[PDB]
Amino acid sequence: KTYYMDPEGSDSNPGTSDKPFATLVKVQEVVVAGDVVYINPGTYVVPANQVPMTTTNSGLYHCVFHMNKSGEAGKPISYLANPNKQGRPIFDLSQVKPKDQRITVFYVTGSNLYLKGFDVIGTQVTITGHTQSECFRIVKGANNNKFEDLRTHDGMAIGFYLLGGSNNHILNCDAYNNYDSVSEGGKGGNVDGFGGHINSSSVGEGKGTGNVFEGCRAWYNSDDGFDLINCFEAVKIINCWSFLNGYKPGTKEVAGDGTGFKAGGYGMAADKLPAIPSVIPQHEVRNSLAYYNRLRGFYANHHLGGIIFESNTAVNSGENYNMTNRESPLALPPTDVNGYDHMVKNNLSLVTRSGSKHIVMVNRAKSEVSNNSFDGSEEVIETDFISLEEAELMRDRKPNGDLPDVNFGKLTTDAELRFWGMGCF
């Protein structure tokens, strides 16, 4: 079956093209494996009083849409912007403010799902202590899903937040202009674009493995663009752009941590040891771009082992590459050391911003550090690039959702010969 929804539809309708549904709550009542839902473009304001589809964590979370049904292998359930209509569906969550609860807009427990082509805006935070909300929260048991050309923006919530699940592909998604102005004095320190945090409950082959962020952009998230702390299976970030994170949206006002790619770690607590996986995962950041994050570009974040940083480009992102690891095995007090077991290869780094640096805190005897611009005999300069115009990075995606063509961060023909094989382009 192909069902339809529309902002001016009705949940008393049958869900046909002529008589569409109004909400995903009704969609969820009827769909089965192999069904397709075409979501007509327009603005869907979620009513303030719409009851949550579920709650989690002893009532802490109000979950707007519970993506609880599953497809089968070869027969997904697909929730797609209607490809026969121009424009995008935009779910506006600005009225949803349940007292004393965190918000999850799409709480994903099902498997074999395909979600494409729509936006989630205005997601709220009302709690004033330590808190967060998420546009997408994916957990243990949610396997073999695809999230494509989705945009989580102009709200107070983390865009994508993985606590578990396997083979979740987050492809060509944007998370931008996300800032929690409400909690903890409006620091914004828990709002990332994309978070990979496969927890202890979700470990194992086919249980927490295989999740990938690909082709995604994160900008003006108040904390980090991408963050893989406390992530018990390897997560990969491939062909992603992370820029202008750590600032309040549209400004250079200081907010949170400002990392482009925070690519590991299990914390640096002084009081107690963190839980850790049995095998420290080798997360990866490859063919990616960091530009003008407030503090750091590509960061090992006190990892307890090796990360792969391959074929990336950093421009004016503070510490463009920082390989700091925590000393292993775990001990107290916690100790930072030069990064060990990393692969740092074929990277490019430009510095013309005051206080920015190429690479810090790498152990070259324990990490493979090869063919990076910062270890060559010539400095990388601005005119080695075709363009460094920031606006290019915010250009509209192509109609199919692919990243826009840009010259930003692309070496000229002449420079490419002097920095051969280096950088994300």
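The first residue of the shown sequence is 1; numbering continues from there.
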Worksheet item: Taking only the CA atoms, which stretch has the higher mean B-factor in the record, 326-334 or 73-81?
Response: 73-81
Discussion item. Mean CA temperature factor from the deposited coordinates, higher in 183-191 or in 224-232?
Written reply: 183-191
Worksheet entry | C-alpha B-factor winner, where the candidates are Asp341, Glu253, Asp174, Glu134 | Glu253
Worksheet item: Going by what the PDB entry lists, where does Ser278 fall on CA B-factor within its chain: lowest, middle or highest third?
Response: highest
Discussion item. Ranking the modelled residues of this chain by C-alpha B-factor as given in the entry, is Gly260 in the lowest, middle or highest third?
Written reply: lowest
Worksheet item: If you rank the chain by CA B-factor, which third does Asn287 end up in: lowest, middle or highest?
Response: lowest
Practice prompt. Name the third of the chain's ranked CA B-factors that contains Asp271, choosing lowest, middle or highest.
Written response: highest
Worksheet item: Is the Cα B-factor recorded for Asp100 in the lowest, middle or highest third of its chain?
Response: highest
